[PDB]
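The data block below is final.pdb; it holds PDB, C-alpha atoms.
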ATOM      1  CA  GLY O   1       6.732  28.536  -7.000  1.00  0.00           C
ATOM      2  CA  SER O   2       6.058  25.418  -5.043  1.00  0.00           C
ATOM      3  CA  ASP O   3       6.732  21.958  -6.177  1.00  0.00           C
ATOM      4  CA  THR O   4       9.955  20.687  -4.617  1.00  0.00           C
ATOM      5  CA  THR O   5      12.788  18.760  -6.267  1.00  0.00           C
ATOM      6  CA  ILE O   6      14.923  16.410  -4.152  1.00  0.00           C
ATOM      7  CA  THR O   7      18.165  14.514  -4.808  1.00  0.00           C
ATOM      8  CA  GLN O   8      19.136  12.925  -1.466  1.00  0.00           C
ATOM      9  CA  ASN O   9      17.753   9.769   0.186  1.00  0.00           C
ATOM     10  CA  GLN O  10      14.796  10.598   2.401  1.00  0.00           C
ATOM     11  CA  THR O  11      11.198   9.909   3.326  1.00  0.00           C
ATOM     12  CA  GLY O  12       8.495  12.303   4.425  1.00  0.00           C
ATOM     13  CA  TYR O  13       5.074  13.759   3.767  1.00  0.00           C
ATOM     14  CA  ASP O  14       4.427  16.063   0.830  1.00  0.00           C
ATOM     15  CA  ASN O  15       1.062  17.572  -0.074  1.00  0.00           C
ATOM     16  CA  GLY O  16      -0.671  15.078   2.203  1.00  0.00           C
ATOM     17  CA  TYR O  17       1.021  11.959   0.802  1.00  0.00           C
ATOM     18  CA  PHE O  18       3.894   9.888   2.123  1.00  0.00           C
ATOM     19  CA  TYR O  19       6.896   9.786  -0.212  1.00  0.00           C
ATOM     20  CA  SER O  20      10.145   7.858  -0.368  1.00  0.00           C
ATOM     21  CA  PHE O  21      13.269   8.481  -2.427  1.00  0.00           C
ATOM     22  CA  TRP O  22      16.237   6.127  -2.458  1.00  0.00           C
ATOM     23  CA  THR O  23      19.260   5.662  -4.701  1.00  0.00           C
ATOM     24  CA  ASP O  24      22.766   4.238  -4.452  1.00  0.00           C
ATOM     25  CA  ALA O  25      23.843   6.652  -7.187  1.00  0.00           C
ATOM     26  CA  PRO O  26      23.464  10.179  -5.775  1.00  0.00           C
ATOM     27  CA  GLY O  27      23.503  12.898  -8.429  1.00  0.00           C
ATOM     28  CA  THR O  28      22.150  10.718 -11.243  1.00  0.00           C
ATOM     29  CA  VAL O  29      18.474  10.750 -10.330  1.00  0.00           C
ATOM     30  CA  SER O  30      15.998  13.220  -8.880  1.00  0.00           C
ATOM     31  CA  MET O  31      12.380  13.353  -7.798  1.00  0.00           C
ATOM     32  CA  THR O  32      10.000  16.279  -8.173  1.00  0.00           C
ATOM     33  CA  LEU O  33       7.069  16.376  -5.750  1.00  0.00           C
ATOM     34  CA  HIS O  34       3.768  17.608  -7.207  1.00  0.00           C
ATOM     35  CA  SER O  35       0.317  18.310  -5.758  1.00  0.00           C
ATOM     36  CA  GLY O  36      -1.567  15.455  -4.102  1.00  0.00           C
ATOM     37  CA  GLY O  37      -0.335  11.953  -4.821  1.00  0.00           C
ATOM     38  CA  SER O  38       1.786  13.013  -7.810  1.00  0.00           C
ATOM     39  CA  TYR O  39       5.518  13.119  -8.482  1.00  0.00           C
ATOM     40  CA  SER O  40       8.004  13.004 -11.342  1.00  0.00           C
ATOM     41  CA  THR O  41      11.410  11.397 -11.662  1.00  0.00           C
ATOM     42  CA  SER O  42      14.328  11.953 -13.998  1.00  0.00           C
ATOM     43  CA  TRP O  43      17.440   9.812 -14.242  1.00  0.00           C
ATOM     44  CA  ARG O  44      20.564   9.749 -16.404  1.00  0.00           C
ATOM     45  CA  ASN O  45      23.145   6.955 -16.397  1.00  0.00           C
ATOM     46  CA  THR O  46      21.999   5.942 -12.919  1.00  0.00           C
ATOM     47  CA  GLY O  47      22.705   3.023 -10.592  1.00  0.00           C
ATOM     48  CA  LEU O  48      19.778   1.698  -8.561  1.00  0.00           C
ATOM     49  CA  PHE O  49      16.799   3.775  -7.431  1.00  0.00           C
ATOM     50  CA  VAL O  50      13.239   3.548  -6.167  1.00  0.00           C
ATOM     51  CA  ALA O  51      10.988   6.588  -5.712  1.00  0.00           C
ATOM     52  CA  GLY O  52       7.296   7.135  -5.171  1.00  0.00           C
ATOM     53  CA  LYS O  53       4.294   8.446  -3.265  1.00  0.00           C
ATOM     54  CA  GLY O  54       1.675   6.583  -1.275  1.00  0.00           C
ATOM     55  CA  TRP O  55       1.176   5.777   2.391  1.00  0.00           C
ATOM     56  CA  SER O  56       3.483   5.344   5.385  1.00  0.00           C
ATOM     57  CA  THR O  57       1.331   2.367   6.415  1.00  0.00           C
ATOM     58  CA  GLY O  58       0.257   0.029   3.619  1.00  0.00           C
ATOM     59  CA  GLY O  59      -2.800  -2.193   3.477  1.00  0.00           C
ATOM     60  CA  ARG O  60      -5.471  -3.742   1.275  1.00  0.00           C
ATOM     61  CA  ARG O  61      -6.688  -0.391  -0.109  1.00  0.00           C
ATOM     62  CA  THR O  62      -7.916  -0.328  -3.680  1.00  0.00           C
ATOM     63  CA  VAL O  63      -5.940   2.350  -5.524  1.00  0.00           C
ATOM     64  CA  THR O  64      -6.043   4.056  -8.916  1.00  0.00           C
ATOM     65  CA  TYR O  65      -3.034   5.515 -10.712  1.00  0.00           C
ATOM     66  CA  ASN O  66      -2.070   7.279 -13.920  1.00  0.00           C
ATOM     67  CA  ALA O  67       1.452   7.497 -15.267  1.00  0.00           C
ATOM     68  CA  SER O  68       3.719   8.739 -17.990  1.00  0.00           C
ATOM     69  CA  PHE O  69       6.418   6.074 -18.004  1.00  0.00           C
ATOM     70  CA  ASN O  70       9.453   6.680 -20.217  1.00  0.00           C
ATOM     71  CA  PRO O  71      12.391   4.375 -19.450  1.00  0.00           C
ATOM     72  CA  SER O  72      15.484   4.051 -21.663  1.00  0.00           C
ATOM     73  CA  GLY O  73      16.384   0.703 -20.338  1.00  0.00           C
ATOM     74  CA  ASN O  74      15.627  -1.247 -17.215  1.00  0.00           C
ATOM     75  CA  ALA O  75      12.838   0.282 -15.142  1.00  0.00           C
ATOM     76  CA  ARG O  76       9.504  -0.625 -13.579  1.00  0.00           C
ATOM     77  CA  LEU O  77       6.211   1.076 -12.692  1.00  0.00           C
ATOM     78  CA  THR O  78       5.146  -0.705  -9.530  1.00  0.00           C
ATOM     79  CA  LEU O  79       2.878  -0.683  -6.463  1.00  0.00           C
ATOM     80  CA  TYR O  80       5.691  -1.321  -4.100  1.00  0.00           C
ATOM     81  CA  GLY O  81       5.843  -1.853  -0.381  1.00  0.00           C
ATOM     82  CA  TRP O  82       7.407  -3.374   2.705  1.00  0.00           C
ATOM     83  CA  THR O  83       6.340  -5.414   5.706  1.00  0.00           C
ATOM     84  CA  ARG O  84       8.114  -6.401   8.892  1.00  0.00           C
ATOM     85  CA  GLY O  85       7.909  -9.600  10.904  1.00  0.00           C
ATOM     86  CA  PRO O  86       8.499 -11.010   8.554  1.00  0.00           C
ATOM     87  CA  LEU O  87      10.538  -8.630   6.526  1.00  0.00           C
ATOM     88  CA  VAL O  88       9.277  -8.701   2.954  1.00  0.00           C
ATOM     89  CA  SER O  89       9.246  -6.337   0.005  1.00  0.00           C
ATOM     90  CA  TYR O  90       6.516  -6.704  -2.609  1.00  0.00           C
ATOM     91  CA  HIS O  91       5.981  -5.475  -6.104  1.00  0.00           C
ATOM     92  CA  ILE O  92       2.856  -5.209  -8.186  1.00  0.00           C
ATOM     93  CA  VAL O  93       4.348  -4.465 -11.569  1.00  0.00           C
ATOM     94  CA  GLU O  94       2.145  -2.658 -14.037  1.00  0.00           C
ATOM     95  CA  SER O  95       4.830  -1.799 -16.590  1.00  0.00           C
ATOM     96  CA  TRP O  96       8.522  -2.331 -17.285  1.00  0.00           C
ATOM     97  CA  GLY O  97      11.277  -1.295 -19.677  1.00  0.00           C
ATOM     98  CA  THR O  98      13.826  -3.565 -21.363  1.00  0.00           C
ATOM     99  CA  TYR O  99      13.403  -6.370 -18.842  1.00  0.00           C
ATOM    100  CA  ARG O 100      10.281  -8.076 -17.506  1.00  0.00           C
ATOM    101  CA  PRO O 101      10.846  -9.122 -13.883  1.00  0.00           C
ATOM    102  CA  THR O 102      10.509 -12.828 -13.049  1.00  0.00           C
ATOM    103  CA  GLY O 103      11.351 -15.293 -10.303  1.00  0.00           C
ATOM    104  CA  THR O 104      10.040 -18.594  -9.005  1.00  0.00           C
ATOM    105  CA  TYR O 105       6.654 -18.896 -10.688  1.00  0.00           C
ATOM    106  CA  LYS O 106       3.814 -19.546  -8.265  1.00  0.00           C
ATOM    107  CA  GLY O 107       0.668 -19.073 -10.336  1.00  0.00           C
ATOM    108  CA  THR O 108      -1.486 -16.230 -11.589  1.00  0.00           C
ATOM    109  CA  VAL O 109      -4.068 -13.835 -10.245  1.00  0.00           C
ATOM    110  CA  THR O 110      -6.702 -12.225 -12.457  1.00  0.00           C
ATOM    111  CA  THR O 111      -7.780  -8.825 -11.146  1.00  0.00           C
ATOM    112  CA  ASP O 112      -8.646  -5.344 -12.447  1.00  0.00           C
ATOM    113  CA  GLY O 113      -9.039  -6.515 -16.046  1.00  0.00           C
ATOM    114  CA  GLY O 114      -5.632  -8.167 -16.222  1.00  0.00           C
ATOM    115  CA  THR O 115      -3.867 -11.413 -15.464  1.00  0.00           C
ATOM    116  CA  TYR O 116      -0.652 -11.246 -13.407  1.00  0.00           C
ATOM    117  CA  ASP O 117       2.100 -13.817 -12.980  1.00  0.00           C
ATOM    118  CA  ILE O 118       3.044 -14.421  -9.353  1.00  0.00           C
ATOM    119  CA  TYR O 119       6.706 -14.845  -8.399  1.00  0.00           C
ATOM    120  CA  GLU O 120       8.838 -15.183  -5.317  1.00  0.00           C
ATOM    121  CA  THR O 121      12.493 -14.242  -5.089  1.00  0.00           C
ATOM    122  CA  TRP O 122      15.033 -13.846  -2.306  1.00  0.00           C
ATOM    123  CA  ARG O 123      17.431 -10.948  -1.766  1.00  0.00           C
ATOM    124  CA  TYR O 124      20.701 -11.595   0.028  1.00  0.00           C
ATOM    125  CA  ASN O 125      22.514  -9.034   2.176  1.00  0.00           C
ATOM    126  CA  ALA O 126      20.650  -6.160   0.529  1.00  0.00           C
ATOM    127  CA  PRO O 127      19.424  -2.666   1.479  1.00  0.00           C
ATOM    128  CA  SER O 128      16.044  -2.742   3.242  1.00  0.00           C
ATOM    129  CA  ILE O 129      13.923  -0.719   5.654  1.00  0.00           C
ATOM    130  CA  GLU O 130      15.763  -2.678   8.365  1.00  0.00           C
ATOM    131  CA  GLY O 131      19.299  -2.274   7.005  1.00  0.00           C
ATOM    132  CA  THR O 132      21.331  -4.960   5.258  1.00  0.00           C
ATOM    133  CA  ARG O 133      19.299  -8.189   5.435  1.00  0.00           C
ATOM    134  CA  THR O 134      18.245 -11.402   3.687  1.00  0.00           C
ATOM    135  CA  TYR O 135      14.523 -11.528   2.912  1.00  0.00           C
ATOM    136  CA  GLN O 136      11.739 -12.509   0.516  1.00  0.00           C
ATOM    137  CA  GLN O 137      10.370 -10.435  -2.346  1.00  0.00           C
ATOM    138  CA  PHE O 138       6.889 -11.007  -3.668  1.00  0.00           C
ATOM    139  CA  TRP O 139       5.760 -10.207  -7.192  1.00  0.00           C
ATOM    140  CA  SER O 140       2.635  -9.839  -9.316  1.00  0.00           C
ATOM    141  CA  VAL O 141       3.704  -8.948 -12.847  1.00  0.00           C
ATOM    142  CA  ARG O 142       1.006  -7.986 -15.336  1.00  0.00           C
ATOM    143  CA  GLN O 143       0.983 -10.084 -18.514  1.00  0.00           C
ATOM    144  CA  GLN O 144       0.625  -6.924 -20.573  1.00  0.00           C
ATOM    145  CA  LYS O 145       1.978  -3.478 -19.726  1.00  0.00           C
ATOM    146  CA  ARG O 146      -0.283  -0.638 -18.760  1.00  0.00           C
ATOM    147  CA  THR O 147       0.279   2.830 -17.340  1.00  0.00           C
ATOM    148  CA  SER O 148      -3.089   3.621 -15.759  1.00  0.00           C
ATOM    149  CA  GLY O 149      -5.912   1.839 -14.007  1.00  0.00           C
ATOM    150  CA  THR O 150      -7.057   0.417 -10.705  1.00  0.00           C
ATOM    151  CA  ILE O 151      -5.162  -1.984  -8.470  1.00  0.00           C
ATOM    152  CA  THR O 152      -7.272  -3.951  -6.010  1.00  0.00           C
ATOM    153  CA  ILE O 153      -4.307  -4.619  -3.739  1.00  0.00           C
ATOM    154  CA  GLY O 154      -6.155  -7.061  -1.487  1.00  0.00           C
ATOM    155  CA  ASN O 155      -6.603  -9.432  -4.444  1.00  0.00           C
ATOM    156  CA  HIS O 156      -2.839  -9.609  -4.866  1.00  0.00           C
ATOM    157  CA  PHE O 157      -2.208 -10.184  -1.149  1.00  0.00           C
ATOM    158  CA  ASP O 158      -4.821 -12.985  -1.109  1.00  0.00           C
ATOM    159  CA  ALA O 159      -3.337 -14.658  -4.184  1.00  0.00           C
ATOM    160  CA  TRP O 160       0.144 -14.501  -2.662  1.00  0.00           C
ATOM    161  CA  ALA O 161      -1.169 -16.051   0.543  1.00  0.00           C
ATOM    162  CA  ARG O 162      -2.741 -18.938  -1.401  1.00  0.00           C
ATOM    163  CA  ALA O 163       0.746 -19.635  -2.807  1.00  0.00           C
ATOM    164  CA  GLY O 164       2.289 -19.614   0.675  1.00  0.00           C
ATOM    165  CA  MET O 165       3.681 -16.092   0.279  1.00  0.00           C
ATOM    166  CA  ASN O 166       2.881 -14.553   3.659  1.00  0.00           C
ATOM    167  CA  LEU O 167       3.142 -10.872   4.534  1.00  0.00           C
ATOM    168  CA  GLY O 168       4.056  -9.351   7.890  1.00  0.00           C
ATOM    169  CA  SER O 169       3.001  -6.050   9.478  1.00  0.00           C
ATOM    170  CA  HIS O 170       2.844  -3.275   6.899  1.00  0.00           C
ATOM    171  CA  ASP O 171       5.360  -0.517   6.600  1.00  0.00           C
ATOM    172  CA  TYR O 172       5.138   1.884   3.645  1.00  0.00           C
ATOM    173  CA  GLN O 173       3.304   1.393   0.338  1.00  0.00           C
ATOM    174  CA  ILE O 174       3.971   3.553  -2.726  1.00  0.00           C
ATOM    175  CA  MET O 175       3.298   3.766  -6.442  1.00  0.00           C
ATOM    176  CA  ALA O 176       6.944   3.603  -7.397  1.00  0.00           C
ATOM    177  CA  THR O 177       9.269   4.205 -10.286  1.00  0.00           C
ATOM    178  CA  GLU O 178      12.145   1.717 -10.052  1.00  0.00           C
ATOM    179  CA  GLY O 179      15.276   1.940 -12.182  1.00  0.00           C
ATOM    180  CA  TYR O 180      18.559   0.162 -12.785  1.00  0.00           C
ATOM    181  CA  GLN O 181      21.183   1.828 -14.984  1.00  0.00           C
ATOM    182  CA  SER O 182      20.477   3.857 -18.137  1.00  0.00           C
ATOM    183  CA  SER O 183      18.181   6.862 -18.154  1.00  0.00           C
ATOM    184  CA  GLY O 184      14.616   8.086 -18.373  1.00  0.00           C
ATOM    185  CA  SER O 185      11.752   9.856 -16.684  1.00  0.00           C
ATOM    186  CA  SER O 186       8.315   9.325 -15.242  1.00  0.00           C
ATOM    187  CA  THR O 187       5.344  11.224 -13.885  1.00  0.00           C
ATOM    188  CA  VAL O 188       3.057   9.202 -11.621  1.00  0.00           C
ATOM    189  CA  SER O 189      -0.199  10.029  -9.794  1.00  0.00           C
ATOM    190  CA  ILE O 190      -1.798   7.755  -7.208  1.00  0.00           C
ATOM    191  CA  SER O 191      -4.952   7.941  -5.087  1.00  0.00           C
ATOM    192  CA  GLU O 192      -7.179   5.624  -3.081  1.00  0.00           C
ATOM    193  CA  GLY O 193     -10.358   4.517  -4.804  1.00  0.00           C
ATOM    194  CA  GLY O 194     -11.587   2.474  -7.741  1.00  0.00           C
TER     195      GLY O 194
END

Is it possible to give me this structure as structure tokens?
Amino acid sequence: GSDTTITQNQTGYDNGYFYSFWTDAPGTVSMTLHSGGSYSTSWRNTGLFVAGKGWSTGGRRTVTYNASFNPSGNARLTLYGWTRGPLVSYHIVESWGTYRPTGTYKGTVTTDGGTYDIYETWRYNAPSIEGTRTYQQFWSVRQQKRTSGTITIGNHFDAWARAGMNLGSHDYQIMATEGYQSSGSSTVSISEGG
């Protein structure tokens, strides 16, 4: 055999790609690690989770992904990442389930054949790569859903910066499946390149 299925919070390297798996509802969600930059998830009556593959150090890299994205309920297909100093999490949302994420609207960016709404939100006393903290979240949310294509990440970072949304030093960067409650599955493949 050889793919590996995991169910407990962890990060690591699998098949040459960084991966992260996090949930507050152990036993209700799992992640299966495939060749290269690919993984699957499955969840049933879950709490909160985020899982994906990518890079332990994020940056402006152009990336291309392909996904099967099958949420029953609230979920997102996202290029997701973290920075420190300042501590920030960001989300480039390509698709979503029942709910389309929003926040304080700060403009749009048109890139990779689509137009994205830019938002800022704050999280208070929440889980983060630095423990329980209060910090900013940055968002680009596509105006129409898609489940494959290229993301020129630098274009998002630049647009955020024009709106005063400043990033710190990069920690990890993954093509993530995010979920809140309900059930579903995904299979996601990510790679550098256009």

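Distance annotation: of O:123, O:106, O:34, O:170, the residue with the minimal separation from residue 85 in chain O is O:170; atom set is all atoms listed in the file.
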
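We find CA of residue 65 in chain O and CA of residue 193 in chain O to be spaced 9.5 Å apart.
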
Q: Specify as a PyMOL selection string each residue included when the PyMOL selection byres ((chain O and resi 30) around 7) is applied to this file.
A: chain O and resi 5-7+29+31-32+41-43

Q.
Counting all atoms listed in the file, which residue out of O:47, O:168, O:149, O:27 sits closest to residue 79 in chain O?
A. O:149

Q: Return as a ChimeraX atom specification the set of residues that the PyMOL selection byres ((chain O and resi 10) around 9) yields on the displayed structure.
A: /O:6-9,11-12,19-22

Q: Taking the file above as input, evaluate the PyMOL selection byres ((chain O and resi 122) around 8) and report the hits as a PyMOL selection string.
A: chain O and resi 120-121+123-124+134-137

Box in all listed atoms of range 143-147 of chain O, axis-aligned, with 3 Å more on each side; write out centre and edge lengths in Å to one decimal as AutoDock Vina command-line options.
--center_x 0.8 --center_y -3.6 --center_z -19.0 --size_x 8.3 --size_y 18.9 --size_z 9.2

Q. Out of O:194, O:144, O:188, O:161, which residue has the shortest atom-to-atom distance to residue 38 in chain O when counting all atoms listed in the file?
A. O:188

Q: Write out as an NGL selection string each polymer residue whose atoms come within 7 Å of residue 151 in chain O, counting only C-alpha atoms; drop sequence neighbours fewer than 5 positions from it.
A: :O and (62-64 or 112)

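Between CA of residue 184 in chain O and CA of residue 68 in chain O lies a distance of 10.9 Å.
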
Q) Could you state the separation of CA of residue 162 in chain O and CA of residue 57 in chain O in Å, given to one decimal place? A) 23.1 Å

What lies within 7 Å of residue 96 in chain O using all atoms listed in the file, ignoring chain neighbours under 6 positions off, as a CSV table (one decimal) with C-alpha atoms, in the coordinates of the input?
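Now in out.csv:
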chain,number,residue,atom,x,y,z
O,75,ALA,CA,12.8,0.3,-15.1
O,76,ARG,CA,9.5,-0.6,-13.6
O,77,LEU,CA,6.2,1.1,-12.7

(Q) Using only C-alpha atoms, which protein or nucleic acid residues come within 9 Å of residue 140 in chain O? Drop anything in the same chain fewer than 2 positions from it, and give the result as a list in words. (A) residues 90, 91, 92, 93, 94, 108, 109, 116, 117, 118, 119, 138, 142, 156 and 160 of chain O
